[PDB]
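The form deposited in one PDB entry is given below as one chain in C-alpha cells.
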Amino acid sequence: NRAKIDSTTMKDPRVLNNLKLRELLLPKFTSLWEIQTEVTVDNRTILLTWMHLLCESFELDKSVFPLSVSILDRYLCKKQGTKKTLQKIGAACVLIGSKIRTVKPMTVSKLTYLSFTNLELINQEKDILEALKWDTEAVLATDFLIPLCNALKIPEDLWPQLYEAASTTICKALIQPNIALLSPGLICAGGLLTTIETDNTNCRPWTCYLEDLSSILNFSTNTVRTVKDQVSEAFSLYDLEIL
C-alpha cells in the first residue's frame, strides 16, 4: 500500500481557516448521548475501548476511529440504543467509518466473528445512514495535525514522527467522555502539545507554540493548556481492564 506524502496545496495555504469553519458546522446544543435512556456514558467509554482496539489491531488509517466515534455520537442523538445493542451499533459505525477513511475496509465477517448475523450488521449500517441522511463525513480532531504543525512552523522532517504519535494519543484520548465536549481543533492542539512534551522532538519547549495556537484557534492560552492537560488525562485513563 502506497501511503500519502505532503501536498503543499492540501496542507500549507488556508486549509486551516476552512477546517476551523467546517468545524463550527456541527453546532453542539445538546449534551453527550442526552436522549438515550437505557445506555449510559460508562457504556460509551467501554464501547469506545473496543472500537479503538478494533481499529488499532487491524492497522486501519488513523482517521477511522475518530470518524467512527463521530458517527456513533451523532447517530445516538437521533436513535435509541439498548445495552444489548451497542456492540452492534458501534460495530456498524466502524464499518461505515472505515469504508470512507481507509483503503482496505473492515469487512462484515471481521466484525461479526467479533461479538449478530452478517445481515443484522448490514441492516444496522443502513439504519444508521438513513438516520444521518447519509451525511456521514465530518471534521476530525485528527484532521488538524499537519495544518497546525505548518502554521506553528514546526519543521517538516518532524511531521511523520510527530504525526505518528500525535494521532495515536489523540485516538486514545477520544475514548474518554470528557473530551467529547471539546472541538476537534482544540482536542488536536492538546494532543500535539502532549506528544511534543513526553518526547522532545527538537521542538522548542512545548510551552512556545502556546501563543500561536491561541492566536490560531482564537481561544486564550489558559484554554489551550487546560486542553493539553485533559487530553493527557484521557490518554492515561485508557485502560483495557474495562472490557
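When you see a residue number, it is the position in the sequence shown, counting from 1. Just so we're on the same page, rigid core means the largest C-alpha set that superposes within 1.5 Å between forms. Residues that one form lacks are left out of the comparison.
Just so it is clear, the following notes concern the form deposited in another entry, a form of the same protein that is not shown.
Enquirer: Aligning on the rigid core, do we see the C-alpha of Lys11 shift 2 angstroms or more between the shown form and the other one?
Expert: Yes: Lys11 shifts by at least 2 Å between the shown form and the other one.
Enquirer: Would you mind telling me if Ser167 and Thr9 are closer or farther apart in the other form than in the shown form, C-alpha to C-alpha, with a 3 Å or larger change?
Expert: Compared with the shown chain, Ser167-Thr9 is closer in the other form.
Enquirer: With a shift of at least 3 angstroms, figure out whether the C-alpha spacing between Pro155 and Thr8 grows or shrinks in the other form: closer or farther?
Expert: Compared with the shown chain, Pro155-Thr8 is farther in the other form.
Enquirer: Once both forms are aligned on the rigid core, what are the runs of 3 or more consecutive residues with C-alpha shifts of 2 Å or more between the shown form and the other one?
Expert: Run moving 2 Å or more: only 1-13.
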